[PDB]
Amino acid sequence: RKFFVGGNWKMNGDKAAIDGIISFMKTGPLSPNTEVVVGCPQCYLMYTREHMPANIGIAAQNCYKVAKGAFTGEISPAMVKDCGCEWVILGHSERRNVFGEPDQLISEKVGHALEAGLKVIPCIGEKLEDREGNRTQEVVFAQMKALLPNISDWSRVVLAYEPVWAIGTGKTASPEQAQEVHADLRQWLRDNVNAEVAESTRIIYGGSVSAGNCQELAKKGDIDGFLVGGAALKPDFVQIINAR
């Protein structure tokens, strides 16, 4: 499984700041064994694709579940493609929790993004109350079951596991905690799909990943990379890309 690092810029950037990230990502040096994608704000898809080296993929941070229609403020997968970009991040914690997007909607978006030809990073993960209530596994398995009916091409999926309590808080999951879930998810793929899919699908970890803690997480046998927020905006992002 090729190591995979996504940088989620969330609601951060302007042309000048994006030039800056591009500049330090160019210089790197970036490991050629890491597959790298950056998720830029909805309004910078085209710009970021034009300016970023073709070896780095570009992701929209959200999209809707049909190609066009009466959805003021939304963009479709066809539009992401038209902007020259190949990826979309879907069901991010911030969309599930700040903006109330339910599992059903996320599944439908993932379905439509795949139909449209995009590669998708579906996001899953339990809340603090789930973690403390020893229901982490049941919660993430349920999120996976909700996505299953719409995952129509596993070769174009990279699953991101992000404990809600770990996002933006500095409270990153320990390598042991993350490895445990990733292994559960990988067997979930064997039991619900097949072994080929389980053995080839990247499962990445996100939740306060830093240059300081990334090596110890990457070591773990079922952690295939990272989804990175705050650290993606700074030059340290290079070390995370190079965590192996």
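So that there is no doubt, residue numbering starts at 1 and follows the sequence shown.
- Mean CA temperature factor is higher for 48-56 when stretches 206-214 and 48-56 are set side by side in the entry.
- Note on 163-171 vs 128-136: mean CA B-factor is higher in 128-136.
- Per the PDB record, 97 has a higher Cα B-factor than any other of 150, 76, 143, 97.
- Per the PDB entry, 25 shows the highest C-alpha temperature factor of the residues 25, 11, 223, 228.
- In this PDB entry, the Cα temperature factor of residue 62 sits in the bottom third of its chain's modelled residues, the lowest group.
- Annotation for residue 38: C-alpha temperature factor in the lowest third relative to the rest of the modelled chain, per the entry.
- Ranked by Cα temperature factor within the chain, residue 116 sits in the middle third according to the deposited record.
- When the modelled residues of the chain are ordered by their C-alpha B factor, residue 201 lands in the lowest third.
- In the deposited entry, the Cα temperature factor of residue 31 sits in the top third of values across the chain's modelled residues.
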